[PDB]
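Working notes, structure below.
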Protein chains: 2
Amino acid sequence: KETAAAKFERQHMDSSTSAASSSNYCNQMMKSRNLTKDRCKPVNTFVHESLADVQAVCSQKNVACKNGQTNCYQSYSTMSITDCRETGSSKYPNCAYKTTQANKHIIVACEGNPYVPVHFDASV
Amino acid sequence: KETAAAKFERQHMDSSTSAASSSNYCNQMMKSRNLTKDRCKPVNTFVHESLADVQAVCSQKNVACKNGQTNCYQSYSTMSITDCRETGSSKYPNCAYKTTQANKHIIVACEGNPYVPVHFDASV
Ligand SMILES: *CC(=O)N[C@H]1C[C@H](n2cc(C)c(=O)[nH]c2=O)O[C@@H]1CO
Ligand SMILES: *CC(=O)N[C@H]1C[C@H](n2cc(C)c(=O)[nH]c2=O)O[C@@H]1CO
């Protein structure tokens, strides 16, 4: 029942924080965003910028997405992001993640009218 | 009839250089390693480290792979990498890429006997 855009926000936006607070950031967020519900989602990235700032990427540098289609866009500037990666030890339902904070360019897949981010392609 | 190990070396290893020479590195390498043969491969990463240093990652930090498997490992130290991303104006056969040189941790998938990298999962 969520739109593609609402789904993108749930999964990948964390405007409320400038950066991953601690080593436990991912353990907390993966769970509160419902990404640990039926199974441990293995990888996920949260962007720490305003929604408008992220929506603006859809008119920035046009690039190929991982699938070869060209509805992907690379941000002009670096953005604050947190990478969450399931660790070796992790066992549903006690899903465990490694938290990495970085300043990188983002690449998103855009769709619709208005043209907004619907998928997180990669960080560079 | 190429081995998984040899395919990983051809598509993801560039030990002969410490880093991407120029802005043109990706255009040249994607073509020489045959990744632009029938189509423009949209994304690719090259690691500028010795084979020995990359094979050693198979015994470093165990993490989940993108696909959920648990035969993935993250290097403890950053390594010299080159990110290749197909631009929005690229049209086969004139595949065009954007070159990004950086120092990042790598995540590889390992298999076989001996236990070596066979797939490049991501850089972090
Ligand atoms: C949270 C999220 O965006 N997951 C995405 C990433 C990946 N994806 C899909 C498309 C269509 C693309 O162009 N590039 C990507 O990286 O798929 C998940 C959704 O299926
Ligand atoms: C050159 C290369 O490694 N391509 C890989 C990237 C991706 N992949 C596969 C597996 C099995 C994995 O665990 N993690 C990945 O990122 O798919 C290509 C394999 O054809």
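Here chain B follows Swiss-Prot for its numbers: 27-150, in order, are the residues you see.
Yeah, the Cβs are placed from backbone N, Cα and C, and that goes for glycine too.
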Looking at Swiss-Prot, which of B:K33, B:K57, B:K124 is flagged as glycation site?
-> B:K33
Disulphide pairing with B:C121 per Swiss-Prot - partner from B:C52, B:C66 | B:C66
Mind checking which of B:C84, B:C91 has the disulfide with B:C136 in Swiss-Prot?
-> B:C84
Taking Cα-Cα distance, which of the disulfide-bonded residues B:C84, B:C98, B:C121 are within 10 Å of B:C110 (disulfide bond)?
-> none
If one looks at the chain holding B:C98 (disulfide bond), which residues at least 6 apart in sequence have a CB under 8 angstroms from its CB?
-> B:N88, B:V89, B:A90, B:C91, B:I133, B:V134, B:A135, B:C136, B:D147
If you measure C-alpha to C-alpha, which of B:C52, B:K63, B:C84, B:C121, B:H145 (recorded positions) come within 10 angstroms of B:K33 (substrate binding site)?
-> B:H145
Length of the line joining the Cα atoms of B:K27 (glycation site) and B:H38 (active site, proton acceptor), in Å | 18
If we check Cα distances from B:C84 (disulfide bond), which of the recorded positions B:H38, B:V69, B:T71, B:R111 wins as closest?
-> B:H38
